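This report refers to the structure that appears directly beneath it.
Protein chains: 2
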Amino acid sequence: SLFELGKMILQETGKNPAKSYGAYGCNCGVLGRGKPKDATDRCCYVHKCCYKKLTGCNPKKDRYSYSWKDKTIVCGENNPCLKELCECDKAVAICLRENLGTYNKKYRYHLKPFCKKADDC
Amino acid sequence: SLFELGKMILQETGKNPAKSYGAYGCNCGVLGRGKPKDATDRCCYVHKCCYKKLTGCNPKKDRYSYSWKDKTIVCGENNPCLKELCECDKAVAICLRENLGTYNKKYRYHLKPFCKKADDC
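In the order they appear, the protein sequences are chains A and B. Residues 1 to 13, 15 to 53, 57 to 61, 67 to 88, 90 to 123, 125 to 127, 129 to 133 (PDB author numbering) make up the first sequence, in order. Residues 1 to 13, 15 to 53, 57 to 61, 67 to 88, 90 to 123, 125 to 127, 129 to 133 (PDB author numbering) make up the second sequence, in order.
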């Protein structure tokens, strides 16, 4: 769920998830997908795509377990869907952290900016 | 859409909507709901619950018509959902204005991962 995702993003990136990624580029945020603007945006693209293969569970609402031991996200067993959901979130948190170096505040927005259609999942 | 909502917030509160309410507390802006931190936050919680009742229109993208008449938000469309969305937005803008007395700038950019689970709507 959004709670685990936001926490993972904070844990990995150290950034306020909403502030830095709630409205960034064409894919980080709640306005679907689009042609990624940069590495960070591409992370959110993969993430959104990852959510699509999920079967039955609700990425936004379903809570799942994961440990942060040794400052590494380990998705707990949970169940197939929740596990996969967890990995989707873990992946995006790690990716965002990995791309902090090219994170560009210019891609933040309040209102959706110009996006081309994500080539799709 | 976020456009009308933001204009309403600016009209009612006189504050830049993104800055003051784009990521306020646990419910204003991204990452869904959480237990309201204060009255301003609760307005956003109510707002998100209001959105949950919309049938057939998209609060994020659907534009709608409203008028600001005598400094009063007046929703326009005959379209049932769009009218309801407009009313959801009007209500939050009004509510945010009403609670500007306790608006806590520290909650502006509140780290949403600190939020406690929200009761459902």
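For each residue, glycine too, the CB sits at the ideal point set by N, CA and C.
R107/A in three-state terms, based on DSSP: Three-state result, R107/A: helix.
What is the DSSP secondary structure of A24/A, counted as helix, strand or coil? It is a strand residue.
Through-space distance from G85/A to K93/A, alpha-carbon basis: Put simply, the backbone Cα of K93/A is about 7 Å away from that of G85/A.
Taking 8 Å as the cut-off, does the segment 5-12 of chain B touch the segment 95-113 of chain B (at least 3 CB pairs, one atom from each stretch)? When C-beta atoms of the segment 95-113 of chain B are compared with those of the segment 5-12 of chain B, three or more pairs fall below 8 Å, so the two segments count as touching.
Outcome for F3/B when other beta-carbon atoms lying within 10 angstroms are tallied against a minimum of 16: That one is exposed.
Thinking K20/B and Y117/B are a contact (beta carbons under 8 Å), I'd like their distance in whole angstroms, please. A Cβ-Cβ distance of about 12 Å is found for the pair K20/B and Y117/B, leaving them out of contact under the 8 Å criterion.
Going by C-alpha to C-alpha distance, which of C133/B, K127/B and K122/B sits closest to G15/A? Of the candidates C133/B, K127/B and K122/B, the residue whose Cα lies closest to the Cα of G15/A is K122/B.
Quick one: which chain B residues come within Cβ less than 7 Å of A19/A? When 7 Å is used as the limit between beta carbons, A19/A is near these residues of chain B: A24, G30, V31, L32 and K122, in chain order.
Helix, strand or coil at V47/B according to DSSP, with G and I counted as helix: In the three-state reduction of the DSSP assignment, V47/B falls in the helix class.
Would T59/A be called buried (16 or more neighbouring beta carbons within 10 Å of its own) or exposed? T59/A comes out exposed.
Buried or exposed for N114/A, please, with buried defined as at least 16 other CB atoms from any protein chain shown within 10 angstroms of its CB. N114/A counts as exposed, since fewer than 16 other C-beta atoms from the protein chains shown sit within 10 angstroms of its C-beta.
Residue-chain proximity (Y119/B, chain A), Cβ-Cβ < 7 Å: Using beta-carbon distances, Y119/B counts as an interface residue toward chain A, with a partner under 7 Å.
Going by CA-CA distance only, name the one from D79/A, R34/A and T41/A that's closest to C126/A. Minimum Cα-Cα distance from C126/A among the listed residues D79/A, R34/A and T41/A corresponds to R34/A.
Using only the alpha-carbon positions, how far apart do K49/B and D132/B sit? Answer to the nearest angstrom: the Cα atoms are 10 Å apart.
What residues from chain A crowd round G6/B, counting only those whose CB sits closer than 9 Å? Near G6/B (Cβ distances below 9 Å), the residues of chain A are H120 and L121.
Spatial distance of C29/A from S76/B (CA atoms): The straight-line gap from Cα to Cα measures roughly 32 Å.
According to DSSP, is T112/A helix, strand or coil? The answer is helix: DSSP assigns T112/A an H, G or I state.
If you draw a straight line from the alpha carbon of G26/B to that of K78/A, how long is it in whole angstroms? If you take the alpha carbons of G26/B and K78/A, they lie about 28 Å apart.
Please look up how many angstroms separate the CB atoms of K57/A and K129/A, rounded, as I've assumed it's under 8 Å. Actually they do not touch by this definition, with Cβ atoms about 19 Å apart.
For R72/A, collect the residues of the same chain with a Cβ closer than 7 Å to its Cβ; drop the 5 residues on either side in sequence, then sort them by chain order. Only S1, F3 and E4 meet the Cβ criterion.
Contacts of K69/B in chain A (Cβ-Cβ under 7 Å): In chain order, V31 and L32 make up the part of chain A whose C-beta sits under 7 Å from the C-beta of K69/B.
Would you call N67/A buried or exposed, if buried means 16 or more other Cβ atoms sit within 10 Å of its Cβ? Flag for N67/A reads exposed.
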